[PDB]
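Notes for the one structure printed next.
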Amino acid sequence: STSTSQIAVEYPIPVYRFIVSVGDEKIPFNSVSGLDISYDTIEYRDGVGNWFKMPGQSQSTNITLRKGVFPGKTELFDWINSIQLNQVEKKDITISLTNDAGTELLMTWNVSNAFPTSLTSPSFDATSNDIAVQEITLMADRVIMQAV
Amino acid sequence: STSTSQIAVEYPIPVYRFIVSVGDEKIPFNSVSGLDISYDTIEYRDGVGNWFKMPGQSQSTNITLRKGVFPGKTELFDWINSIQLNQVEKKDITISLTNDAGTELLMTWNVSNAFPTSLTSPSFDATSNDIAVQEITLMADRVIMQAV
Amino acid sequence: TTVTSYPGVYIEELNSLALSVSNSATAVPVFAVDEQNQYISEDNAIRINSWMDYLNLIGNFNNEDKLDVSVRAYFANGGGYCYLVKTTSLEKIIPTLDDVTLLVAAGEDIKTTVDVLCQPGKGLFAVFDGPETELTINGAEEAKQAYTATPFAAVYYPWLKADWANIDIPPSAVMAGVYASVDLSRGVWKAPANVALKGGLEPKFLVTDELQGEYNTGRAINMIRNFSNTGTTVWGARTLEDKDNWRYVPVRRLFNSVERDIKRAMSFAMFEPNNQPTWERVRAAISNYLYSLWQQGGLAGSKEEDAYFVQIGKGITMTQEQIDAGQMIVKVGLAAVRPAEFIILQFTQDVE
Amino acid sequence: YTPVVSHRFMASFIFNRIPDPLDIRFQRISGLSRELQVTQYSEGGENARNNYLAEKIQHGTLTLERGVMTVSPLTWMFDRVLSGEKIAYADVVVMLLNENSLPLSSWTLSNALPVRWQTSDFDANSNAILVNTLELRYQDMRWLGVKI
Amino acid sequence: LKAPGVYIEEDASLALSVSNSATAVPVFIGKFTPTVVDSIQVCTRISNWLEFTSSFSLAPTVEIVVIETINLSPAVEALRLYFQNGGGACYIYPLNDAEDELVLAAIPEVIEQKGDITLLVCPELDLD
C-alpha cells in the first residue's frame, strides 16, 4: 500500500507531459526528439601493446521538435524566415517533464544556443485523417540535464 | 461546451482539404508533398576552443505533387513537354488549406519559380483496383508560409 | 556646411577639424559639466555619439575649455557614446538614465554626489581625479583622506598634458577611454592598467616608484607614468577600499558588468506567474549566461562547479511569506580573477 | 571576434578611371596571396640556427571565373588586349559583403594586366554551365577596411 | 523595495539543500537562542536552513568565566554541518540552563509528544 508521496520519489516519470520554452515564449509542441551528448574516441596503440583510449572531440547536436499548425499562429516559420546570410536570432530551449497541470517541474533539459534549419511543411494528401503537422530541426550545442 | 467560433481559432487544421493553384489555373491534385526550407551549417573551431556554428547555404527545394489522370484533361504533360533545351515556362504554386467549400483560406504556402522534372506515368497492372495516378516532381525555390 | 545648388562636386576647405574615428563598445561615461558652460542646458542630458557630433554642438574647437580638451582625449583613446550632464543636476539625471556604467568627473569635484549616488544596488563605478599639484611622500596622509573610502571609485593622480592643448588634461577623461578600449579587446576581467595612452597624451609630473609605494596602500591612488620601453601607460588597478572583496577595479567592474547583463538576461520574468516553472526558466537563463562568461576566461577555477552557482527554490532561498509578497530571491556566486601586482626577481650569482 | 563566410562578394573593374558596374556577378575569385621572397644565408661557425635575408615581394595572380553572359564592357576589354590591339591596365576592386549588402573589407588591385582568358569545354555528354576562367595579373594590392 | 524590477545586492548569505527524509529525524538539544518569538515554543520544527535563520540567531552563545577562561558554543555551527553532509527536518530544542531540574526532567515528556524523532544528538563540548 504505497502512498502518493512515495510514488513521486521512487517511481519513474513518463514522457507524455512536458513543456517547451523557446527563448522567452512557451510554444506547445507535440514531439521533441534528438537531443544527446556525444563524443568521439581517440585510440593509440604502441609496440609492446598498450591500447590507450581517450574521448576526443565533442560531436554536434541537432534536435528535432514537432508541432501541428494552427490557424493564426505562425511561430516556427518566422524563425526560419528571420535568417539572412550569416546569422539568426539564436534562442535557448528548455524542455522539462512536468506534473499534470504545469505547477511543478520534475527534470529539465537546457539547450544553449539554438538556431533553426530544415523546417518541413506538412504533407498534404486527401486520403488521410491527419492534422497538418510541421517540424523544425534546429542545430545547437551543450545540452545539459538539470534535476528539479 | 465550446462553440464553432472557438474551434476555428484554437483547434488545429487538417490536411485533407486544400486547393492548389498552378500559375493562373486551378488543378485539383490528390497529394502535395515535399516542400520545405532547409539550410546547411558551417562550423569553425579554433585552438582554446570555440565551437562557432553559423547557418550557411540555402538548400534546394523540389516538391512532389500527385494527380489522377482524367479522360480529357492532359495538363501536367504539356508542362513537361513544353521544355526545349534550356528553359520552361516557370510558374508559381500556391497551396492553401481551406474551409469545407473553398470560400476561405486558412494558411497558405507560396512557391516562387517552379519548373517540372520527372513526370511519372502510371503503373499499369491488371490485378489492382487503383486509379491511374501520375506525379510530377517540380524543383523550385523560396517556399514561404503565409497566414490567412 | 555649404548650401548645395547644382549637382556636382564642391571643393570647400575646412582647416583643422582634428577628426577621429567612430567607435562602438559597452562603456558609457556620464561626463560632469561645469555650470559656466553655455552649450549645455541643465535638467537635460545631451548625447554625443562621436567627435563630429560634439564638434557640431560647440561649433569650433578651442584648447582653453576644461571640457573641450577632456572629450577629445576621450574619443582619441576609446570612443563610445557619452552623456554630457551638468553637475548641479547630476543627482536627478543619472538615476533617470539607463546605460550608465561609469561616472566621470571631467574636471570637477563630485565627492559629495558619489556618496549618495553610488550604492550597492546601483550599477555605477565612478572615476575621479587626483590632485593637480605635486604630492610627495610626506603628504601621503593628507591627500589620501581627501576622498571617501567607497569601493565604487578609482583615483588617477598625474594630470595629463598634450601638444594640442594649453590647459592640463584631467586623467578621468582618458581613463574612460581606456576602460572602453580594454573591455573590447581583453574583456572586462583584465586590468585596465599596463596599457598605452594614444592621442599624444603625456603626464605632467614625473612619478618615482618610491613615491607610489605610499599611495597604493589603503585609500589607493592609481598613477600613470612613462617608461623607457613603451612610453606613457597606466600603472594602477586598485579601487579606494582596501578589503579583499573589492580591492581591484577588475573585480568591481566585472561584478558591475555581470549584474547589468544578468538583469537584462532574465528581465522576461517580470509580472510572470510566480510558481515553480518560472523559477527553473530563471535559473537556466542565468546559468547559460555564466557558462558563456566561464568559457571566455572571465572567472577563476577549472570546473563549472567551482566557478559559479545559481540556487533558487522555495525554502532554499525564499520563504512562503516571500511568495505572496511577490518576491523572487536569487542567490548567485562568482569567483573572478585577481591580477599579479608584484614580480620579484632573485639574482643568484653562483650557478649550480 | 567571429569569422565571416566566403560566398558573398562582388568585384568591380575600373577601366581608365571609369568604373564598370555591370560586371559584379562572378562564380569564384582566387583569393589574394602575397609573399616576401627570402634568401637563406648560412654562415661561418653559426651552424645551429638559420639566418634569412629578405628580398622583393611577390604578389599572387588573380583568377576569377563567371558564367558566360551577354557581351559587356569587361569582355570588350579582354578581347581588345588579347587580340593584340592595346595593352591597357584595369583596376579591380574586390569586396566582401555583409548581410545588409554592406562591404566588410575591400581589396583594390591597382594596374591589373589581363593575362589569359579561357572558356570551359563543350561536351555533349554532361550538363554544366559554360564558364569563363579569366585570369589577370595585378602589380599592387591595397587592402582597405575592417575585418580584413 | 517599493518598486518593481531587479534589485542587485552584494555580500549575500549562504544557503544549502533541503534533502527531505521522514525516517531519520534528529533532535538537537543545545545552547540556542531564539530571536523572533522568544516566549512559548519550547522546541521548534525546522525543515531546512532557511527556517533556522528565520527563527534562530546565527550567533554563538558566548560564556565568560572570570585571568579569565572563556567558552564559545558551536551549536549553531554544528547544525550547519548537519545540513552540509546530509539533510532533514530536525526539531531544535534550545536548552541554555541544564541545571534546572523542573525543565530538564521534562525533556522526555515533550519529545514523546511529537512522535517523529528517531535520533538524539547533543552538539556541545562541555562535559558538565
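Residue numbers start at 1 in each chain; chains themselves are named A, B, ... in the order of the C-alpha cells; ligands are numbered from 1 in the order shown.
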- Query: Near residue 78 of chain D, counting only C-alpha atoms, which residues have an atom at most 7 Å away, once you skip same-chain residues fewer than 4 positions from it, shown as a PyMOL selection string?
  - Reply: chain D and resi 74+82+114
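Non-sequential neighbours of residue 12 of chain B (distance at most 10 Å, separation of 4 or more positions within a chain, only C-alpha atoms) are residues 68, 69, 70, 71, 72, 73, 131, 132 and 133 of chain A; 7 and 8 of chain B.
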Take the residues that were just selected and, keeping N, CA, C and O atoms, output them as a CSV table (one decimal), in the first residue's frame.
```csv
chain,number,residue,atom,x,y,z
A,68,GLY,N,1.9,20.7,-34.6
A,68,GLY,CA,0.9,20.9,-35.6
A,68,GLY,C,0.7,22.4,-35.9
A,68,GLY,O,1.0,23.3,-35.1
A,69,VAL,N,0.2,22.7,-37.1
A,69,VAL,CA,0.0,24.1,-37.4
A,69,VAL,C,-1.4,24.5,-36.9
A,69,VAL,O,-2.2,23.7,-36.6
A,70,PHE,N,-1.5,25.8,-36.7
A,70,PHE,CA,-2.6,26.5,-36.1
A,70,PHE,C,-3.1,27.6,-36.9
A,70,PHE,O,-2.3,28.2,-37.6
A,71,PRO,N,-4.4,28.0,-36.9
A,71,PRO,CA,-4.9,28.9,-37.9
A,71,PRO,C,-4.4,30.3,-37.9
A,71,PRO,O,-4.3,31.0,-38.9
A,72,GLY,N,-4.0,30.8,-36.7
A,72,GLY,CA,-3.4,32.2,-36.6
A,72,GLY,C,-1.9,32.1,-36.3
A,72,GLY,O,-1.2,33.0,-36.8
A,73,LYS,N,-1.5,31.2,-35.5
A,73,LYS,CA,-0.1,31.1,-35.0
A,73,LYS,C,0.8,30.7,-36.2
A,73,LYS,O,0.7,29.6,-36.7
A,131,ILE,N,-3.6,15.6,-38.8
A,131,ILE,CA,-3.5,17.0,-38.5
A,131,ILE,C,-2.3,17.5,-39.2
A,131,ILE,O,-1.3,16.8,-39.3
A,132,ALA,N,-2.4,18.7,-39.8
A,132,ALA,CA,-1.3,19.3,-40.6
A,132,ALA,C,-0.2,19.7,-39.6
A,132,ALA,O,-0.2,20.6,-38.8
A,133,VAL,N,0.9,18.9,-39.6
A,133,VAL,CA,2.0,18.8,-38.7
A,133,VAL,C,3.3,19.2,-39.3
A,133,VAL,O,3.6,18.6,-40.4
B,7,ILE,N,-13.5,26.9,-32.1
B,7,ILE,CA,-12.8,25.8,-32.8
B,7,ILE,C,-12.1,26.4,-34.0
B,7,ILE,O,-11.0,25.9,-34.3
B,8,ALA,N,-12.6,27.4,-34.6
B,8,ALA,CA,-12.0,28.0,-35.8
B,8,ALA,C,-10.8,28.9,-35.4
B,8,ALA,O,-10.2,29.5,-36.3
```
- Message: With only C-alpha atoms considered, list every residue of chain B at most 12 Å from chain D, as a ChimeraX atom specification.
- Response: /B:41-46,50-58,85-86
- Message: I'd like the contact shell of segment 35-40 of chain D - 10 Å cut-off, only C-alpha atoms, skipping same-chain residues fewer than 3 positions apart - returned as number ranges by chain.
- Response: D: 43, 50-60
- Task: Pull the strand (DSSP E) assignments for chain E out of DSSP run on the backbone, and list those residues as a PyMOL selection string.
- Result: chain E and resi 27-30+44-45+62-65+69-72+91-94
Would you put the residues from that selection into a file with N, CA, C and O atoms, as a PDB file, in the first residue's frame?
```pdb
ATOM      1  N   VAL E  27      16.971  15.362  16.721  1.00  0.00           N
ATOM      2  CA  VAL E  27      16.596  16.480  17.572  1.00  0.00           C
ATOM      3  C   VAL E  27      17.870  17.046  18.190  1.00  0.00           C
ATOM      4  O   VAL E  27      18.735  16.292  18.648  1.00  0.00           O
ATOM      5  N   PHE E  28      18.023  18.358  18.133  1.00  0.00           N
ATOM      6  CA  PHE E  28      19.271  18.998  18.518  1.00  0.00           C
ATOM      7  C   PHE E  28      19.048  19.731  19.831  1.00  0.00           C
ATOM      8  O   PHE E  28      18.465  20.817  19.851  1.00  0.00           O
ATOM      9  N   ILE E  29      19.513  19.144  20.924  1.00  0.00           N
ATOM     10  CA  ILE E  29      19.399  19.743  22.244  1.00  0.00           C
ATOM     11  C   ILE E  29      20.706  20.460  22.532  1.00  0.00           C
ATOM     12  O   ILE E  29      21.757  19.820  22.645  1.00  0.00           O
ATOM     13  N   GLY E  30      20.648  21.775  22.654  1.00  0.00           N
ATOM     14  CA  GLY E  30      21.859  22.523  22.889  1.00  0.00           C
ATOM     15  C   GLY E  30      21.589  23.962  23.244  1.00  0.00           C
ATOM     16  O   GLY E  30      20.466  24.339  23.578  1.00  0.00           O
ATOM     17  N   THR E  44      11.173  23.895  18.359  1.00  0.00           N
ATOM     18  CA  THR E  44      10.649  24.298  17.065  1.00  0.00           C
ATOM     19  C   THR E  44      11.024  23.294  15.986  1.00  0.00           C
ATOM     20  O   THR E  44      12.140  22.775  15.955  1.00  0.00           O
ATOM     21  N   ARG E  45      10.083  23.040  15.087  1.00  0.00           N
ATOM     22  CA  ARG E  45      10.336  22.206  13.922  1.00  0.00           C
ATOM     23  C   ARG E  45      10.868  23.080  12.798  1.00  0.00           C
ATOM     24  O   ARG E  45      10.157  23.959  12.302  1.00  0.00           O
ATOM     25  N   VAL E  62      28.079  33.255  23.771  1.00  0.00           N
ATOM     26  CA  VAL E  62      29.350  33.495  24.437  1.00  0.00           C
ATOM     27  C   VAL E  62      29.156  33.330  25.937  1.00  0.00           C
ATOM     28  O   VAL E  62      28.136  33.753  26.492  1.00  0.00           O
ATOM     29  N   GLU E  63      30.126  32.709  26.602  1.00  0.00           N
ATOM     30  CA  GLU E  63      30.012  32.392  28.024  1.00  0.00           C
ATOM     31  C   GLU E  63      31.380  32.618  28.657  1.00  0.00           C
ATOM     32  O   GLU E  63      32.342  31.914  28.331  1.00  0.00           O
ATOM     33  N   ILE E  64      31.462  33.577  29.578  1.00  0.00           N
ATOM     34  CA  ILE E  64      32.725  34.032  30.151  1.00  0.00           C
ATOM     35  C   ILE E  64      32.777  33.672  31.633  1.00  0.00           C
ATOM     36  O   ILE E  64      31.786  33.830  32.356  1.00  0.00           O
ATOM     37  N   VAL E  65      33.935  33.189  32.082  1.00  0.00           N
ATOM     38  CA  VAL E  65      34.202  32.943  33.495  1.00  0.00           C
ATOM     39  C   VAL E  65      35.434  33.745  33.890  1.00  0.00           C
ATOM     40  O   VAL E  65      36.504  33.568  33.297  1.00  0.00           O
ATOM     41  N   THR E  69      38.923  32.403  31.685  1.00  0.00           N
ATOM     42  CA  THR E  69      38.823  31.301  30.735  1.00  0.00           C
ATOM     43  C   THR E  69      37.415  31.292  30.157  1.00  0.00           C
ATOM     44  O   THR E  69      36.435  31.269  30.907  1.00  0.00           O
ATOM     45  N   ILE E  70      37.319  31.308  28.831  1.00  0.00           N
ATOM     46  CA  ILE E  70      36.064  31.575  28.144  1.00  0.00           C
ATOM     47  C   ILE E  70      35.618  30.325  27.389  1.00  0.00           C
ATOM     48  O   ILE E  70      36.375  29.368  27.217  1.00  0.00           O
ATOM     49  N   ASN E  71      34.363  30.345  26.934  1.00  0.00           N
ATOM     50  CA  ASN E  71      33.742  29.224  26.241  1.00  0.00           C
ATOM     51  C   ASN E  71      32.800  29.743  25.165  1.00  0.00           C
ATOM     52  O   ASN E  71      31.959  30.604  25.434  1.00  0.00           O
ATOM     53  N   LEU E  72      32.935  29.212  23.952  1.00  0.00           N
ATOM     54  CA  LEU E  72      32.073  29.562  22.829  1.00  0.00           C
ATOM     55  C   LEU E  72      31.308  28.328  22.377  1.00  0.00           C
ATOM     56  O   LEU E  72      31.895  27.258  22.190  1.00  0.00           O
ATOM     57  N   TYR E  91      13.899  18.688  14.734  1.00  0.00           N
ATOM     58  CA  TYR E  91      13.375  19.525  15.805  1.00  0.00           C
ATOM     59  C   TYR E  91      14.570  20.124  16.527  1.00  0.00           C
ATOM     60  O   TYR E  91      15.599  19.467  16.681  1.00  0.00           O
ATOM     61  N   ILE E  92      14.464  21.375  16.936  1.00  0.00           N
ATOM     62  CA  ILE E  92      15.524  22.023  17.688  1.00  0.00           C
ATOM     63  C   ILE E  92      14.999  22.354  19.071  1.00  0.00           C
ATOM     64  O   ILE E  92      14.030  23.105  19.209  1.00  0.00           O
ATOM     65  N   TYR E  93      15.646  21.802  20.088  1.00  0.00           N
ATOM     66  CA  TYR E  93      15.272  22.018  21.479  1.00  0.00           C
ATOM     67  C   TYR E  93      16.310  22.928  22.110  1.00  0.00           C
ATOM     68  O   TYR E  93      17.367  22.446  22.543  1.00  0.00           O
ATOM     69  N   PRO E  94      16.078  24.237  22.189  1.00  0.00           N
ATOM     70  CA  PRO E  94      17.057  25.103  22.845  1.00  0.00           C
ATOM     71  C   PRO E  94      17.004  24.925  24.351  1.00  0.00           C
ATOM     72  O   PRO E  94      15.938  24.943  24.968  1.00  0.00           O
TER      73      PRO E  94
END
```
- Pull out every residue of chain A sitting within 12 Å of chain C, counting only C-alpha atoms, and send them as a VMD selection string. chain A and resid 18 to 26 91 to 99 101 to 113 141 to 148
- Query: Using only C-alpha atoms, which of the listed residues (C:92, C:260, C:219, C:190) sits closest to residue 338 of chain C?
  - Reply: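 Using only C-alpha atoms, residue 338 of chain C sits closest to C:190.
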